[PDB]
Amino acid sequence: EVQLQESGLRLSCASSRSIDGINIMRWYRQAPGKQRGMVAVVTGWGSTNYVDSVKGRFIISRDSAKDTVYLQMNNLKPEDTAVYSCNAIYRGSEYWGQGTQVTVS
Amino acid sequence: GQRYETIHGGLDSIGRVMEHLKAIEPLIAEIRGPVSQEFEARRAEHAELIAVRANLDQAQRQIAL
Amino acid sequence: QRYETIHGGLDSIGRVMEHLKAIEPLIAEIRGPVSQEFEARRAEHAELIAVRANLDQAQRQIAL
Amino acid sequence: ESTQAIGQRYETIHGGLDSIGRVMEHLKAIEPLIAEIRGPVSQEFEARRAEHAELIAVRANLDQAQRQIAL
Amino acid sequence: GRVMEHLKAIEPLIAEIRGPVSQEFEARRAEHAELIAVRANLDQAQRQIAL
Numbered sequence: 001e002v003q004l005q006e007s008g791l792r793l794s795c796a797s798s799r800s801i802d803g804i805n806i807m808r809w810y811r812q813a814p815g816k817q818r819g820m821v822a823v824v825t826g827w828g829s830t831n832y833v834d835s836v837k838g839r840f841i842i843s844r845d846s847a848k849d850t851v852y853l854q855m856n857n858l859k860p861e862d863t864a865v866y867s868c869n870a871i872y873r874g875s876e877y878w879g880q881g882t883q884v885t886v887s
Numbered sequence: 039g040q041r042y043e044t045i046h047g048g049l050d051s052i053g054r055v056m057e058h059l060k061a062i063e064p065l066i067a068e069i070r071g072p073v074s075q076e077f078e079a080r081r082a083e084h085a086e087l088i089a090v091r092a093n094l095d096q097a098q099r100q101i102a103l
Numbered sequence: 040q041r042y043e044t045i046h047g048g049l050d051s052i053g054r055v056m057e058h059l060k061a062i063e064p065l066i067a068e069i070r071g072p073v074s075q076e077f078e079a080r081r082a083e084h085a086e087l088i089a090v091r092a093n094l095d096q097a098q099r100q101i102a103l
Numbered sequence: 033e034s035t036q037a038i039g040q041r042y043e044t045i046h047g048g049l050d051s052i053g054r055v056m057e058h059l060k061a062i063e064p065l066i067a068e069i070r071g072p073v074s075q076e077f078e079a080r081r082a083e084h085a086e087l088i089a090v091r092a093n094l095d096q097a098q099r100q101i102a103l
Numbered sequence: 053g054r055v056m057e058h059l060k061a062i063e064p065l066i067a068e069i070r071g072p073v074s075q076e077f078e079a080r081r082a083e084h085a086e087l088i089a090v091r092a093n094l095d096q097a098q099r100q101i102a103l
């Protein structure tokens with residue numbers, strides 16, 4: 001039982799509880815008229831990677847204190863325009879929030 | 039001819055109602071979907087609680103000891 | 040939300056009947072002109088049979 | 033049963049949902065049949081008025097032949 | 053006309069698949085809801101164990 005409420791060139795979410803008691807979490811990008819797509823990955827380690835499209839572009843960071851994760855938009859070309867939704871994985875479960883959208887340019 | 043055209047407007051009406059189908063039905067599909075995805079999160083809960091009953095039983099037995 | 044799932048099933052069913060009761064009558068009226076205005080076209084065909092027959096007779100009377 | 037049964041049940045749920053989706057997709061392509069059953073269809077329903085006149089022209093041919101017989 | 057009568061015949065599948073979702077899911081949501089409290093039982097178990 002976890003809730004991931006969204007926020008947000792810099793966007794974040796907050797979990798119900800147990801940040802860093804929460805193992806792997808990642809973010810996903812929903813381009814319109816398209817299906818789901820992963821964006822970037824933080825782990826409990828702080829080990830991090832991106833997807834090739836946004837490689838170099840986006841930067842992701844975890845704040846252990848206030849139960850949250852961060853994505854910051856960078857040098858965006860409108861092509862990334864999409865609706866984004868932040869994801870997490872907990873003892874073998876999905877965890878999806880409501881997500882939020884990003885615009886042209 | 040005139041009567042031909044009257045019932046041809048009828049066929050146009052049937053085409054517009056099928057256009058209503060084209061506009062409505064898939065939205066119904068992806069409103070059924072997320073209900074099911076929440077139910078999958080419910081599978082996850084069920085597995086968690088499978089793990090939980092055995093823990094409760096071993097805890098109570100060791101409490102007795 | 041799952042109550043809305045139930046009602047979504049019900050309303051998709053309802054609009055489906057809206058169709059069914061539209062098509063089958065609408066196809067019925069569309070059936071209409073087919074039959075009765077082939078009768079009309081047959082009337083036309085017989086008339087332009089009679090006309091060509093009388094033209095044949097008229098041209099024979101021209102010649103004679 | 034609590035998960036594996038709910039497992040098979042959820043595969044049945046998604047099978048049904050997407051199967052209805054497939055059936056709706058098959059339905060999706062019925063309007064083009066309506067367009068085919070109307071467009072040039074109504075075109076000839078105008079063509080009836082278009083080509084109902086040269087037979088009136090042969091009506092005139094018979095009339096002119098008739099009073100020429102009289103003449 | 054064939055395909056329209058086909059949809060007429062297709063609706064009953066939609067109804068009967070609309071059913072069990074409702075029934076089984078409400079009922080065994082109630083089931084999971086009661087099995088939620090097993091976790092509270094477990095928390096009481098560990099607190100008593102520590103004491």
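Order-wise, the sequence lines are chains L, G, B, A and H.
Residue numbering for the first sequence is 1 to 8, 791 to 887, as defined by the entry's author numbering.
Residue numbering for the second sequence is 39 to 103, as defined by the entry's author numbering.
Residue numbering for the third sequence is 40 to 103, as defined by the entry's author numbering.
Residue numbering for the fourth sequence is 33 to 103, as defined by the entry's author numbering.
Residue numbering for the fifth sequence is 53 to 103, as defined by the entry's author numbering.
For every residue, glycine included, the Cβ atom is placed at its ideal position computed from N, Cα and C.
Open item on the list: Here's a check: name, in chain order, each residue in its chain whose Cβ is nearer than 6 angstroms to the Cβ of residue 796 of chain L, leaving out the five neighbours to either side.
Closed with: For the purposes of this step, residue 796 of chain L is taken as the residue at position 14 of the first sequence. Short of 6 angstroms from the beta carbon of residue 796 of chain L, and not among the five residues preceding or following it, lie these beta carbons of its own chain, in chain order: 5, 849, 850.
Report task. Determine the direct distance from the alpha carbon of residue 74 of chain A to that of residue 38 of chain A, and round the result to whole angstroms. Result -> Here residue 38 of chain A refers to the residue found at position 6 when the fourth sequence is read from its first residue. Here residue 74 of chain A refers to the residue found at position 42 when the fourth sequence is read from its first residue. Taking the Cα positions, residue 38 of chain A is about 56 angstroms away from residue 74 of chain A.
is_contact[residue 84 of chain B, chain H] using C-beta, thresh 8 angstroms | As a working mapping, residue 84 of chain B is identified with position 45 in the third sequence. Output row for residue 84 of chain B: interface = no.
- Query: Whose CA, out of H/83, H/92, H/98, lies closest to the CA of residue 33 of chain A?
  - Reply: Along the fourth sequence, read from residue 1 onward, the residue named residue 33 of chain A stands at position 1. Among H/83, H/92, H/98, the Cα nearest to that of residue 33 of chain A is on H/83.
Buried or exposed: where does residue 77 of chain G fall if 16 or more other Cβ atoms within 10 Å of its Cβ makes it buried? Along the second sequence, read from residue 1 onward, the residue named residue 77 of chain G stands at position 39. Buried, since its Cβ has 16 or more Cβ neighbours within 10 Å.
**Q.** Minimum Cβ-Cβ distance from residue 100 of chain B to chain A less than 8 angstroms
**A.** Within the third sequence, numbered from 1, the residue matching residue 100 of chain B stands at position 61. Cβ-Cβ to chain A under 8 angstroms: yes for residue 100 of chain B.
**Q.** Against chain A: residues of the segment 40-52 of chain G by CB proximity under 8 angstroms
**A.** Correct list: 42, 43, 46, 49, 50, 52.
If we ignore side chains and look at the alpha-carbon of each, how far apart do residue 91 of chain H and residue 101 of chain H end up?
If you number the fifth sequence from 1, residue 91 of chain H lands on position 39. If you number the fifth sequence from 1, residue 101 of chain H lands on position 49. Distance between the alpha carbons of residue 91 of chain H and residue 101 of chain H: 15 angstroms.
Stretch-stretch touch, CB-based, cutoff 8 angstroms, three pairs: the segment 64-74 of chain G with the segment 840-860 of chain L
Verdict: no, contact absent.
Run the CB neighbour count on residue 822 of chain L, radius 10 Å, all protein chains shown included, and call it buried at 16 or more, exposed below. Here residue 822 of chain L corresponds to residue number 40 of the first sequence, with the count starting at 1. So residue 822 of chain L counts as buried.
Exercise. Can you find a CB in chain B that lies within less than 8 angstroms of the CB of residue 55 of chain A?
Worked result: Reading the fourth sequence from its first residue, position 23 is the one you call residue 55 of chain A. Chain B, which has no Cβ nearer than 8 angstroms to the Cβ of residue 55 of chain A, makes this no.
Beta-carbon of residue 65 of chain H versus every beta-carbon of chain G: anything under 8 angstroms?
Numbered from 1 along the fifth sequence, position 13 holds the residue referred to as residue 65 of chain H. So no, residue 65 of chain H is outside the interface.
- Residue-level contact to chain H via CB, residue 62 of chain B, 8 angstroms cutoff: Numbered from 1 along the third sequence, position 23 holds the residue referred to as residue 62 of chain B. Using a Cβ-Cβ cut-off of 8 angstroms, residue 62 of chain B counts as an interface residue toward chain H, since at least one Cβ of chain H sits closer than that to its own.
- prompt: So, are the CB atoms of residue 54 of chain B and residue 62 of chain G less than 8 angstroms apart?
  reply: Along the third sequence, read from residue 1 onward, the residue named residue 54 of chain B stands at position 15. Along the second sequence, read from residue 1 onward, the residue named residue 62 of chain G stands at position 24. Going by C-beta atoms, residue 54 of chain B is nearer than 8 angstroms to residue 62 of chain G.
*For residue 90 of chain H, which residues in chain A fall below 9 angstroms Cβ to Cβ?*
What you label residue 90 of chain H is simply residue 38 of the fifth sequence in a count that begins at 1. The premise fails here: residue 90 of chain H is roughly 12 angstroms from chain A at the closest Cβ pair, so nothing lies under 9 angstroms.
Residue range of the unbroken alpha helix (DSSP H) whose run includes residue 844 of chain L
Start at 1 with the first residue of the first sequence, and residue 844 of chain L comes out as number 62. For residue 844 of chain L, no alpha helix (DSSP H) run applies; the uninterrupted beta strand (DSSP E) run containing it begins and ends at 841-845, by DSSP.
I'd like to know whether the C-beta of residue 94 of chain G is nearer than 8 angstroms to at least one C-beta of chain B.
As a first step, residue 94 of chain G is located in the second sequence; it is residue number 56 there, counting from the start. Look at residue 94 of chain G: its C-beta is not under 8 angstroms from any C-beta on chain B.
Do residue 52 of chain G and residue 51 of chain B have their CB atoms nearer than 8 angstroms? Against the second sequence, residue 52 of chain G aligns to sequence position 14. Against the third sequence, residue 51 of chain B aligns to sequence position 12. No, the Cβ-Cβ distance between residue 52 of chain G and residue 51 of chain B is not below 8 angstroms.
Next on the checklist: Taking CB distances under 8 angstroms as the criterion, tell me whether residue 68 of chain G reaches chain L.
Outcome noted: In the second sequence, residue 68 of chain G corresponds to position 30, counting from 1. It does not: the Cβ of residue 68 of chain G has no partner Cβ on chain L nearer than 8 angstroms.
Q.
To the nearest angstrom, how far is the alpha carbon of residue 46 of chain B from that of residue 56 of chain B?
A. Start at 1 with the first residue of the third sequence, and residue 46 of chain B comes out as number 7. Start at 1 with the first residue of the third sequence, and residue 56 of chain B comes out as number 17. Each residue's alpha carbon lies about 15 angstroms from the other.
request  = Kindly say whether residue 79 of chain A, judged by its beta-carbon, lies nearer than 8 angstroms to any beta-carbon of chain B.
outcome  = Translated into positions along the fourth sequence, residue 79 of chain A becomes position 47. By this cut-off, residue 79 of chain A is not an interface position.
Should residue 58 of chain H be labelled buried (16 or more other beta-carbon atoms within 10 Å of its own) or exposed? Taking the first residue of the fifth sequence as position 1, residue 58 of chain H is located at position 6. Exposed, because fewer than 16 other Cβ atoms sit within 10 Å of the Cβ of residue 58 of chain H.
Quick check: what's the CA-CA separation for residue 97 of chain B versus residue 88 of chain A?
In the third sequence, residue 97 of chain B corresponds to position 58, counting from 1. In the fourth sequence, residue 88 of chain A corresponds to position 56, counting from 1. It is roughly 17 angstroms from the alpha-carbon of residue 97 of chain B to the alpha-carbon of residue 88 of chain A.
TODO: Note down, one range per segment and in chain order, each beta strand (DSSP E) of at least 3 residues found wholly within the segment 809-873 of chain L.
DONE: Within the segment 809-873 of chain L, the complete beta strand (DSSP E) runs of at least 3 residues are 820-824, 830-832, 841-845, 850-854, 865-870.
Nearest by alpha-carbon distance to residue 808 of chain L: which of L/3, L/867, L/874 is it? Taking the first residue of the first sequence as 1, we reach residue 808 of chain L at position 26. Per the Cα distances, L/867.
Note to self: Using beta carbons (cut-off 8 angstroms, strictly below), is residue 87 of chain A in contact with chain G?
What the structure shows: The count along the fourth sequence starts at 1 and reaches residue 87 of chain A at position 55. By this cut-off, residue 87 of chain A is not an interface position.
Should the segment 800-815 of chain L be called in touch with the segment 863-880 of chain L, which here means at least 3 C-beta pairs below 8 angstroms?
-> By the Cβ rule, the segment 800-815 of chain L counts as touching the segment 863-880 of chain L, because three or more pairs are nearer than 8 angstroms.
Leaving out five residues on either side along the sequence, give the residues of the same chain with a beta carbon under 7 angstroms from the beta carbon of residue 856 of chain L.
Locating residue 856 of chain L in the first sequence gives position 74, where the first residue counts as 1. Take residue 856 of chain L, set aside five residues on each side of it, and the residues of its chain with a beta-carbon closer than 7 angstroms to its own are 791, 839, 840, 841, in chain order.
Quick check on residue 103 of chain G: does DSSP put it in helix, strand or coil? Mapped onto the second sequence, residue 103 of chain G falls at position 65. DSSP, read as helix, strand or coil, puts residue 103 of chain G in coil.
- Query: Below 8 angstroms between beta carbons: does that hold for residue 94 of chain G and residue 93 of chain H?
  - Reply: Position 56 of the second sequence, counted from the first residue, corresponds to residue 94 of chain G. Position 41 of the fifth sequence, counted from the first residue, corresponds to residue 93 of chain H. With contacts defined as CB atoms closer than 8 angstroms, residue 94 of chain G and residue 93 of chain H qualify as a contacting pair.
Task: Cβ neighbours of residue 64 of chain B in the same chain (closer than 7 angstroms, five flanking residues each side left out) - done: As a working note, residue 64 of chain B is residue 25 in the third sequence. In its own chain, leaving out the 5 sequence neighbours on each side, no residue places its CB closer than 7 angstroms to the CB of residue 64 of chain B.
- Taking all protein chains shown into account, decide if residue 81 of chain G is buried (16 or more other Cβ within 10 angstroms of its Cβ) or exposed. What you label residue 81 of chain G is simply residue 43 of the second sequence in a count that begins at 1. With 16 or more other CB atoms across the displayed protein chains lying within 10 angstroms of its CB, residue 81 of chain G is buried.
Q. In chain order, what residues of the same chain lie with their CB nearer than 8 angstroms to the CB of residue 830 of chain L, ignoring the 5 residues before and after it?
A. As a first step, residue 830 of chain L must be located in the first sequence, where it is residue number 48. Short of 8 angstroms from the beta carbon of residue 830 of chain L, and not among the five residues preceding or following it, lie these beta carbons of its own chain, in chain order: 822, 823, 824, 842.
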